[PDB]
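Quick notes on the structure that follows.
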Amino acid sequence: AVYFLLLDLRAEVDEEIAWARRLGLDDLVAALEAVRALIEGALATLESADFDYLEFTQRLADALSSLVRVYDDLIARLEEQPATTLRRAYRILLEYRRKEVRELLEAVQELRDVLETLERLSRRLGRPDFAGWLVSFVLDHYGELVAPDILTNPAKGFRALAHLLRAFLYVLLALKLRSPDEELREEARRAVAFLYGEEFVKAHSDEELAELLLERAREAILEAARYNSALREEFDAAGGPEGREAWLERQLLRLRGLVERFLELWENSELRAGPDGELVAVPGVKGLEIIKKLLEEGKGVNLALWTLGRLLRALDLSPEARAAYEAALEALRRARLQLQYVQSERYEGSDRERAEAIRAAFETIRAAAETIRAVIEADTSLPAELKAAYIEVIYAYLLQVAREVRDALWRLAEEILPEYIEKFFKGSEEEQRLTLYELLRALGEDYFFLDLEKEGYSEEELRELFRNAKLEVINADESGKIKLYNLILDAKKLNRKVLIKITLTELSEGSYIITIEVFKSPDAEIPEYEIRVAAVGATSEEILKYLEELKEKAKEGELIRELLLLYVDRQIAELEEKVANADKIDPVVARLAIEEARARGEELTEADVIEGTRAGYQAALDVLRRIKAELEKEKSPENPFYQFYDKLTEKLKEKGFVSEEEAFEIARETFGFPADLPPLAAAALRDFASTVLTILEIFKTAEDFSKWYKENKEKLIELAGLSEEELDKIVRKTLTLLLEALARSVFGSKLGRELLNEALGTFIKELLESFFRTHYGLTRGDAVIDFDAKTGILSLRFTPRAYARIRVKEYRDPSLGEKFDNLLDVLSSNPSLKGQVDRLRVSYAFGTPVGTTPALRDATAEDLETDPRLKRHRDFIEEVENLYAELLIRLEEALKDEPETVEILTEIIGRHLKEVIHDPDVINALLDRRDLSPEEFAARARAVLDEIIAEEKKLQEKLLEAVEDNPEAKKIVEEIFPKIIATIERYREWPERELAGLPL
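In terms of the entry's author numbering, the sequence shown is residues 1 to 1000.
Quick look at the structure:
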């Protein structure tokens, strides 16, 4: 985000102020405090009720420019006046920091230029607010792509955003040129004339202009792919000019669809007179419907907040009401940022405080939303339909916030539950109902509460309704291990009943397993609401025994049968719901289908396409119902499903890894389906096979984890630096996630795979973080772990100071490296962690992300011992790093009287290592050689090595000038640096003929 970037800038300014105070420069603390004030002003303008993109970028650019000027003044004061060793070391560090800040400022200025161009273009056309809507739409549809870069490397994110905005504008103009409407063509012609001049537009036809603008869009998309990490990885994953052209065509098609949707949204908005007479645009019914559909899918928060702000600025109200609404919007934005803060890793409080803060933030958001709702309802200047659309948008936003809060509270359920568990086992019937109500409130079933509150039910009415509900307890067995409680909640106005089932499996005294299931109706078998499973106060051994018992019980095929029946019933209900809306076909979707059908050169009416789609849907529904009827049949040796399941189990036992395609082929062969089936039936069969495979893999993973943990508990305790409680807690979290995945697999294979990968990644991440924090004493923020659940990719980062300190400690004692290798081997002994462990091994060995280098994507931990070139590169890096570690230790010994000086030297050398050697360009040049002649590759490698030598010489000159006063430091530098130069030259001067590895 931008909040964390501004926080980091403010922290850097504070450190700068402290260092300035230390050295005695009291004449620049005023300028540094002014810079801090500017940064605080930017932080405040994020959270305001009149947030503007151009103004915010201008403020950020001004703050960065002021910081650069202050760095210039500090450096000038440092050289021009007499100085000592500490001052010159701080001088070099200041130069590095100023370089970084200047690069970030250049990126921000580029983004500001793009926004200014859009602003001027919108202003000339006479239709203001165009830039705001365009930027909000682009942000909504590309935040998930841009935000990670801003988190890691802000300049790349800013440049990618600018290029994507340019591409969006060009595609929009190209589409507007070819519109049949004359006014739209005239407006697009005016825009093109403004962009390129009267002469360029007066000598070209419309189709030529459209093609030129589409080519410009292609160039902008290519630039964005160049400057964006995810897009670059996707671009390199294709390979071949044909694949690249296909990728560009798909990108253009997606962008064209987005631009058509934006045009549909924009063409409905109309001008309404503002308080000062300025013409301001507010969306119609269809625009708000589009925004609500976006909000129901997890997007559209930017567009909704901008819509509310524009409604604020487009209404005439009394001063008190307008002030209240503005304050409500300010509080909404502030509490949103606070919630993102508390859910992050920067929070340092305990679990109870975290849950309390989450609840308080949600309460503030809800109160602000209620105030906005009351302000909207009080005004009577709008028709009923628009008001209803606005209230529905607010409802959707609050529902999304409620879902996030509920997920966080269910994550903290392990700490929330035990008090309510004891009270619920230690109470009477009325006390049981009170405990159930309070437990449901604490876990935040705010989605269901909001669904109740849609009709306007009050809190007191809800409390009375819950107090008058009917509760009955069922004893499954005489031993009383499993207890089932059924609760009925009825709605008088909606004429609906809600069923809640809670199962309490009492493993022992103080250990329980809770499964909370909510049904839309008691007569409906499919749970519309999710099924949640949590473990409270149960040790790892008890959970593992429970999992083994569950697998044994499901071996006979009952639980799997019920799960598959639930999944099939949900699929059938979804298909019926989709079919029932055949008369409500979206005109845009129908137009797209017609265009795609007619693009093949065949003049075919829509009737044939509709008939084909209906036949495909009918075939899919028929085969799904055939499968459902087959499942409901009694168990028999002649049942094909049992034979298919047995064959799949045997294949998993023997091989251990069967792809979804192979399972689908086996299912088709067993059922004998024709090869020329419609795509929908094949897709449904593939989904069924994927779900079965996912459940079988979950069971196999549980068994393997049980075995491996039972064998390596002691080794994990010894190596990870964990006590019994810590490792027990980690394993409890992993096994609870596994149980939740097994229970939620009925929603599809995607969710099950996501949750399984999340569990394994969390386990590995916690183990690694504990190992680093224990054996190196690093601060909690020095070593960070980034994990993506969607792709299952695990990374590693180190701050330059932490990296240099790690290298120094490892040089002082190799036992830390031996311990890390032993821990990685022990983790890799698990069959279910081998791939991630190998990828992490490669990433740690090279220090750069695997995605950035396509050559290392397929490399495993074994490949580092087979390819001579890879081992040569690794040895080069190891030798250089050892040389710098030796230099750092020698300089620390020679300057034992100045801890600050050695600290700053450590920072300098860490930054040098990060910037010069570990940049991905060198690795790409020296490893990636696809479709290049040998002479050009050799010349490029020699150029890179010469650049490295030049940078090393420059650093040598800087350091030698820095410590000219101290003799011992001079001798140490003169002894060490020529060794690095000679090593790099020897690596360069040695011919690469033998390292090529070409067979004779």
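For every residue, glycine included, the Cβ atom is placed at its ideal position computed from N, Cα and C.
Item: From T762, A720, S122, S706, residue whose alpha carbon lies closest to that of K733; Value: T762
Item: Contact check, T515 vs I482, beta carbons under 8 Å; Value: no
Item: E766 vs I793 beta-carbon contact at 8 Å; Value: no
Item: C-alpha gap between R441 and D181, whole angstroms; Value: 56 Å
Item: Helix, strand or coil at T515 [DSSP, three-state]; Value: strand
Item: Backbone secondary structure at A76 - three-state DSSP; Value: helix
Item: Helix, strand or coil at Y53 [DSSP, three-state]; Value: helix
Item: Proximity of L78 and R91 at Cβ, strictly below 8 Å; Value: yes
Item: Best match in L652, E879, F688 for proximity to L563 [C-alpha to C-alpha]; Value: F688
Item: Three-state secondary structure assigned by DSSP to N639; Value: coil
Item: Cut-off 7 Å between Cβ atoms - residues of its own chain near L173, not counting five sequence neighbours on either side; Value: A188, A191, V192, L213
Item: Contact belief for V944 with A925 at Cβ below 8 Å, rounded distance in angstroms; Value: 5 Å
Item: Whole alpha helix (DSSP H) elements within the segment 582-663, 4-residue minimum; Value: 587-598, 606-632, 640-654
Item: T852, DSSP secondary structure in three states; Value: coil
Item: Helix, strand or coil at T539 [DSSP, three-state]; Value: coil
Item: Coil, strand or helix - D490 by DSSP; Value: strand
Item: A720 versus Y776 - alpha carbon distance; Value: 12 Å
Item: Same chain, Cβ closer than 7 Å to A361, neighbours up to 5 away in sequence not counted; Value: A335, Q338, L339, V342
Item: Local conformation of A789 per DSSP, three classes; Value: coil
Item: Rounded straight-line distance, which links the Cα of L760 to that of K647; Value: 28 Å
Item: 8 Å contact criterion, which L927 and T853 should meet: CB distance rounded; Value: 7 Å
Item: Cβ pair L436, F449 closer than 8 Å; Value: no
Item: Local Cβ density within 10 Å of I698, reported as buried at 16 or more and exposed below that; Value: buried
Item: The beta strand (DSSP E) enclosing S508, as first and last residue numbers; Value: 496-508
Item: Beta bridge counterpart(s) of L794 as assigned by DSSP; Value: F787
Item: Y397 vs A304 beta-carbon contact at 8 Å; Value: yes
Item: Secondary structure of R127, DSSP reduced to three states; Value: coil
Item: Cβ neighbour criterion (16 or more within 10 Å) applied to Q643; Value: exposed
Item: Per-residue burial, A804 [other beta carbons within 10 Å of its own, 16 or more giving buried]; Value: buried
Item: Per DSSP, cross-strand counterpart(s) of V533; Value: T515
Item: Integer-rounded CB distance, given that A369 should sit under 8 Å from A321; Value: Actually they do not touch by this definition, with Cβ atoms about 16 Å apart.
Item: Cut-off 6 Å between Cβ atoms - residues of its own chain near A367, not counting five sequence neighbours on either side; Value: none
Item: Buried or exposed by the 16-neighbour rule on C-beta atoms within 10 Å, applied to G157; Value: buried
Item: Residues bridged to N475 [DSSP beta-bridge criterion]; Value: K483
Item: Span of the beta strand (DSSP E) around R272; Value: 270-273
Item: Cβ contact (3+ pairs, closer than 8 Å) linking the segment 33-44 and the segment 3-17; Value: yes
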